[PDB]
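In what follows, a structure is listed as C-alpha cells, so that the remarks can point back to it.
Cβ placement follows ideal geometry from the backbone for every residue including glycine, while neighbour counts extend to all protein chains displayed. What follows is calculated from the coordinates using simple rules that are stated; it is not laboratory data.
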Amino acid sequence: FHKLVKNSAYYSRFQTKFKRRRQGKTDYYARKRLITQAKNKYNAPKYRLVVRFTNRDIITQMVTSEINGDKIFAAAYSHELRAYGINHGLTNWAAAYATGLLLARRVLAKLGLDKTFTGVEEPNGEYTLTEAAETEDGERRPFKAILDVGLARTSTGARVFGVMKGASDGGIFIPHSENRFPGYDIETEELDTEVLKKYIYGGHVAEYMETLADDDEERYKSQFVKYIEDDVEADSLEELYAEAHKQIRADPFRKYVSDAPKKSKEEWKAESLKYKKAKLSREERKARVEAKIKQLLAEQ
Amino acid sequence: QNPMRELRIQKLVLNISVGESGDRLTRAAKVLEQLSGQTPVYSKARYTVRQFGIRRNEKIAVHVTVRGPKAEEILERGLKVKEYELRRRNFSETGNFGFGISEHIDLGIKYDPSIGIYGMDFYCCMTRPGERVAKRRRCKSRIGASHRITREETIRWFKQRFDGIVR
Amino acid sequence: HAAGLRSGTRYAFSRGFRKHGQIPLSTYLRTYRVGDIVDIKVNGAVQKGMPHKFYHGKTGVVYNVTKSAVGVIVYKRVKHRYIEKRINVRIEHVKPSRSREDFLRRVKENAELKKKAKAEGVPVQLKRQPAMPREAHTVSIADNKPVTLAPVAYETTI
RNA sequence: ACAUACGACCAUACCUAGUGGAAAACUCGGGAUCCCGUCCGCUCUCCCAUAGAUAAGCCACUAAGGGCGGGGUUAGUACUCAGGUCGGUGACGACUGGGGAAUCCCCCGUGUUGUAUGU
RNA sequence: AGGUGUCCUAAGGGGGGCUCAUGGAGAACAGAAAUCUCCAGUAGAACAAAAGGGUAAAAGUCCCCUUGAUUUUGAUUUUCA
RNA sequence: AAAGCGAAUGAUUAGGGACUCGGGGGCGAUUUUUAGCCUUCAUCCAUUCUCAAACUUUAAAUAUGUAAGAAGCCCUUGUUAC
C-alpha cells in the first residue's frame with residue numbers, strides 16, 4: 001500500500017507538450033535553427049529540402065516557412081518514376097538518385113533557369129558542387145537550398161544522402177561534404193570514386209542476384225519473384241537506369257496514371273458520407289440513463 | 001479469433017552474481033562463454049556496503065542475453081534439471097517467469113577442477129508479434145490493453161508446450 | 001542592503017503556471033524596421049540579451065537592426081529631468097505593439113470617407129466627440145407593471 | 001468528406017475502460033551478401049513489395065468517467081480613494097460622493113485551420 | 001534567516017544516441033538493504049558553492065573530436081555627478 | 001489588500017471503511033506458518049475543525065508606459081562597394 005500517484009490532483013497539474021511532439025513527428029530544437037534567418041535580410045526566404053522514407057515510397061519536397069504555415073514549392077514522389085521506365089526496386093539507393101534528379105529539374109524550369117545550369121549531365125562518382133554560370137557579360141549565382149533529414153540517423157551510406165547527390169547533379173547548389181558517401185574509408189580519409197559510380201547505377205543489387213542464384217536457388221526465386229516475371233536480369237540493370245536519366249531531362253512533367261479506381265473530386269465526397277457516424281444528441285443521451293437504471297435495477 | 005496473437009519467446013537473459021571481484025569472477029565469465037558462444041558483459045556495484053563487503057565501481061557480476069532458436073534450446077536444458085516442475089509464484093503479473101539452479105555442472109560442460117562450481121539464474125521474457133511499435137525511434141507509441149499478456153495465459157502456454165506441472 | 005543586477009525579480013522574470021517548456025516558434029518569423037513601435041517583455045527561459053528590470057513593461061522605438069537583435073530608444077525619468085536611453089534586446093523579448101493601430105486605422109477610413117462626400121457634396125463631421133447627455137424618451141408600463149420594494153428586517157444567519 | 005508529407009494555435013487536443021472501420025494510404029511483416037552498428041540485426045542500417053492480417057499503432061463512436069474550456073451564483077458582499085468640530089474610555093464601527101473581487105455549488109461543450117499530392 | 005576573499009584542461013566549446021528520484025510484481029545462495037527483467041512515473045532527481053529563477057530526443061547522463069579561456073580598438077546597460 | 005487548503009510545499013483536531021503479516025499484547029492447546037478468533041498503533045481510501053512577512057491555482061482600488069497626424073497618407077521611379 002502506497003500513494004496512488006495518478007489521482008485527480010495529478011491531472012490538474014499536468015502540462016502537455018506540443019501536439020506534433022506528442023505524436024513524435026518533429027524535432028523543434030533542430031527546426032528552429034533551420035528556419036530562422038538573420039534580421040538584416042528582411043524577407044529573403046530560406047529553402048528546405050525535406051526527405052521522408054515510407055515502406056514503399058520516397059517523398060521529396062521544397063518548403064519555405066511562413067508565419068501561418070509552410071508553403072510547398074515543388075514535390076516529387078516515387079510513383080511518378082514508373083512513367084520513365086523503372087518498375088522495380090522503388091526504394092533502393094539508386095531509386096533515390098533518380099527521384100532526387102527529377103525534383104531538381106522540376107524546380108529550375110518553374111523559375112526559368114533550365115537553359116543554364118545544366119549540371120554534370122553524365123553521372124560520375126566525383127565530389128563536385130554547382131558553381132556560378134557566366135551569362136550576358138555577367139556572373140549569376142546558383143540557386144541555394146539546404147537538407148532536412150528529420151529524425152533519420154545520418155550514418156555512412158544512408159539513402160538520405162542519395163537524394164542530396166541527385167539534386168546536386170541537377171543544378172541546385174547544396175553545401176555538403178564527402179565523408180558520408182558510400183565508398184569512403186575512414187582509415188585513409190579518402191573516397192574510392194569507383195564504388196560510388198557502381199553504387200549509383202544499382203550495381204550493388206545486381207551483384208546480389210548473381211551471388212544469391214548460385215548459392216541458394218529457392219531463396220533467389222522467392223525474393224526476386226517480380227524481377228523474373230518481367231525477365232529483367234543483372235546485366236540489364238545499368239542500361240535501364242542510364243536510359244531513365246535521359247528522359248528525366250527531356251520532359252520532367254510527364255504525367256503518370258495509376259490503376260486505382262478514379263472518380264471526380266465531388267463524387268468522392270458523397271461516397272465518404274455514407275459511412276460517417278452521427279453523434280448522439282443530448283436528449284438521446286439522457287434517455288439512455290433511464291433505460292440503464294431500469295435494467296440494472298431488475299437483475300437484483 | 002486469433003490471427004496474429006500467438007505468444008513466443010522474446011529473449012532469454014541469465015546472470016551470475018559472484019558477489020566479489022578478482023580472478024574468481026574472471027573464471028565465472030570464462031564459464032558463461034561456451035554455454036552461449038558470445039562474450040558476456042560485466043556489471044558494477046552501484047551501492048557501497050561494508051556488511052556485504054562490496055564497494056562502488058568494482059565488478060561483482062556477469063550476465064548475457066540470447067535470442068531466437070538458441071534461447072529455445074538453452075531453456076530446454078534448464079527445464080530438464082527442474083524436471084518440468086515450477087511453483088505458481090514463479091510467474092510475474094506481466095507474464096514472465098524464471099528460476100535458478102544451484103549447480104552449473106548438472107548439465108555437462110565436462111567439469112574441470114580448476115574452474116570450480118557456480119550457481120546460475122534463469123529468466124525469460126514473453127512477447128507478441130508487432131511489439132516494435134513501442135520501441136521504434138520515430139512515432140513511438142504505447143501498445144493497447146487487449147494486446148498484452150496476462151499471468152494466467154502464460155502458465156497455460158507453459159503447460160501445453162512442455163507438458164510440465166505447476167505446484 | 002544590496003543592489004545586484006537581478007535583485008527583486010522573484011516573480012517578474014518567472015514563467016507562469018502551466019507555461020514552462022518550449023517557446024512558441026512563431027516569434028522568430030516576425031520582421032522589424034526602424035521607426036516601429038515595440039514593447040519589452042522579458043522571457044525567463046532565454047538568458048542572453050536580457051535588459052535591466054527597469055525596462056520590463058516600457059514601450060520604445062526601434063533605431064537599429066542587426067543579425068539577431070534590435071536597438072530600442074526609451075525615455076527614463078531621473079529626478080527633475082528626462083534622459084534618452086539606448087538598449088540592445090534579443091528578439092525573444094520584444095513584441096509589436098497595438099498602441100498606434102487605432103490611429104492608423106482611423107486615418108485611412110477618414111480619407112476615403114471624405115472623398116465620397118466631396119463627390120456627393122455633404123459635410124461629414126468626421127472628428128470624434130465625447131459622450132453626450134441622454135435625450136428625452138417615453139417608457140410604457142403595458143404588461144410591465146412596477147413592483148414595490150421595502151427594506152428587510154434583521155435576522156440571524158448562523 | 002477521407003488519407004499522406006511539412007506546419008499554426010498548444011489538453012475543447014490529456015488520462016482510463018469498451019465497440020466499429022467502403023476505397024486507397026499508413027502499419028505490422030520476410031531476408032542478413034553489400035554500407036554500418038551491437039553481449040545479441042532488440043534498436044540503428046541495407047535488400048525484397050510476394051504472401052498473411054486489421055490483432056496493435058491510426059481514425060470514429062459510447063460513459064449521469066477524472067481533467068480542461070466557457071457561463072450563472074456567492075454579491076453590489078469582502079476591499080478600497082476622497083470628506084466631516086461624525087459615534088465610542090478604548091478596540092473599532094456607521095454614513096456621504098466613487099471604483100468593485102475570489103471558493104464551495106449549478107449548467108453546457110470535447111478541437112479549429114493553411115499549402116501540395118491522391119482516394 | 002543566511003553568504004563571499006574560492007574552485008575547474010574541464011566542471012570551457014561542438015556533435016550523436018539515451019532519460020531521472022520513487023513505487024508495484026518476479027528470479028539459487030540473497031536477508032530491510034548486493035545483481036537481472038517488465039509495467040507505471042510533469043521532474044517530486046541532477047546542474048562546484050548561500051538563496052532565488054531556468055532546463056526532458058536537455059541546460060541532466062555517457063561517448064567522439066578540440067583550446068573562442070586567442071589578436072586590434074570603439075558604441076551601450078547597472079551603481080551614478 | 002482580499003481569497004484558498006474535499007489544489008502543490010509546510011502546519012493541524014476528530015471519527016468511519018478496507019486491510020496482517022509492518023510493529024505490540026491476548027484468546028481457542030501462549031499449540032502455531034491457524035491470511036482462525038480479538039484488539040492497539042502504523043498504512044491506504046472517501047469526509048471533517050482552524051492557519052502562513054520569507055506558501056499559492058486566482059485577483060482589486062489608488063498609482064504607471066505609449067499614441068491621438070502636414071516632420072501626415074498614397075502613387076510613379078533615380079543612387080549603392082550592403
Checklist entry - For residues in region C:1-41 being hydroxyl-bearing (S, T, Y) and either under 24 Å from the mean Cα position of the chain (by Cα) or within 16 Å of RNA strand D (Cβ to nearest atom) (or both), which is nearest to A:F14 (Cα to Cα)? => result C:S14
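I'm checking my understanding of the structure. Among residues of region A:156-175 that are over 20 Å from A:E121 (Cβ atoms) and touching a residue at least 24 places away in the same chain (Cβ under 8 Å), which one is surrounded by the fewest Cβ atoms within 10 Å (Cβ to Cβ)?
Step by step, filter region A:156-175, then rank; the result is A:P175.
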Item to check | Candidate set from region A:1-34 (those that are more than 39 Å from the chain's Cα centre (by Cα) and in a helix (DSSP H, G or I)); member that is nearest to C:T27 (Cα to Cα) | outcome: A:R13
Checklist outcome for this item: Exception for B:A45 within (1) touching a residue at least 24 places away in the same chain (Cβ under 8 Å); (2) at negative phi; (3) of a type in the set (G, A, S) falls at (1)
Checklist entry - Hey, among the residues in region C:2-30 that are surrounded by 14 or more Cβ atoms within 10 Å (Cβ to Cβ) and under 18 Å from C:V65 (Cα atoms), which one's nearest to the other protein chains (Cβ to nearest Cβ)? => result C:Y28
Checklist entry - Would you pick out the residues in region B:68-116 that are more than 11 Å from RNA strand E (Cβ to nearest atom), charged (D, E, K, R) and part of a loop (DSSP other than H, G, I, E, B)? => result B:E83, B:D106, B:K110, B:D112
Next on the checklist: As an exercise: evaluate C:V74 against (1) away from RNA strand F (no atom under 15 Å from the Cβ); (2) more than 14 Å from every other protein chain (Cβ to nearest Cβ) and give the number of the one condition it does not meet.
Outcome noted: (1)
Item to check | Residue check for C:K48: assigned to a loop (DSSP other than H, G, I, E, B), within 14 Å of chain A (Cβ to nearest Cβ) and of a type outside the set (V, I, T) | outcome: no
Checklist entry - If you take the residues in region A:1-26 that are within 11 Å of chain C (Cβ to nearest Cβ) and surrounded by 13 or more Cβ atoms within 10 Å (Cβ to Cβ), which one is nearest to A:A96 (Cα to Cα)? => result A:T26
Checklist entry - Considering only residues of region A:35-61 that are of a type in the set (A, V, I, L, M) and over 18 Å from the mean Cα position of the chain (by Cα), which is nearest to the other protein chains (Cβ to nearest Cβ)? => result A:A38
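Scan region C:65-87 residue by residue and report those that are of a type in the set (A, V, I, L, M) and outside any strand (DSSP E or B). Break it down stepwise before answering.
Keep residues of region C:65-87 that are of a type in the set (A, V, I, L, M), which gives C:65, C:69-70, C:72-74, C:78, C:83, C:87.
Hits for region C:65-87: nothing passes.
Yes or no: B:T127 away from every other protein chain (no Cβ under 14 Å), within 16 Å of RNA strand D (Cβ to nearest atom) and out of contact with any helix residue (DSSP H, G or I) (no Cβ under 9 Å at 6 or more places or on another chain)?
So B:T127 fits the description; yes.
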Checklist outcome for this item: Over region A:38-72, the set of residues in contact with a strand residue (DSSP E or B) (Cβ under 9 Å, 6 or more places away or on another chain) and either in a loop (DSSP other than H, G, I, E, B) or small (G, A, S) (or both) is A:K39, A:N40, A:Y42, A:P45, A:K46, A:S65
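Among the residues of region A:33-53, what is the count of those that are surrounded by 10 or more Cβ atoms within 10 Å (Cβ to Cβ) and either polar (S, T, N, Q) or within 11 Å of RNA strand E (Cβ to nearest atom) (or both)?
The total comes to 3.
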Next on the checklist: For a quick check of your reading of the model, give me the residue pairs whose first member lies in region A:1-15 and is of a type in the set (K, R), whose second is in a helix (DSSP H, G or I) and more than 8 Å from RNA strand E (Cβ to nearest atom), with beta-carbon atoms closer than 9 Å and at least 6 apart or on different chains.
Outcome noted: none
Checklist entry - Out of curiosity, is B:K110 over 20 Å from the mean Cα position of the chain (by Cα) and within 30 Å of B:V18 (Cβ to Cβ)? => result yes
